[PDB]
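Here is the structure we will look at, set down as structure tokens.
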Amino acid sequence: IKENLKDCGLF
């Protein structure tokens, strides 16, 4: 949801 991009490198 949020984690799959936040704990990768987006927002």
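Naming scheme: A, B, ... for chains in displayed order of the structure tokens; residues 1 onward per chain; ligands 1 onward as shown.
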**Request:** Name the residues of chain A that fall into alpha helix (DSSP H) according to DSSP on the backbone, using the chain letters and numbers of this document, as JSON, numbers by chain.
**Result:** {"A": [3, 4, 5, 6]}
**Prompt:** Contacts of residue 11 in chain A at 8 Å or less, counting only C-alpha atoms, minus same-chain residues fewer than 3 places along, as a PyMOL selection string?
**Reply:** chain A and resi 2+5-6
Keeping only C-alpha atoms, take the residues you just selected and write them out as a PDB file, in the first residue's frame.
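And here's part.pdb as it stands now:
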```pdb
ATOM      1  CA  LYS A   2       2.466   2.713   1.418  1.00  0.00           C
ATOM      2  CA  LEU A   5       7.316   2.136  -2.012  1.00  0.00           C
ATOM      3  CA  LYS A   6       8.317   3.894   1.406  1.00  0.00           C
TER       4      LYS A   6
END
```
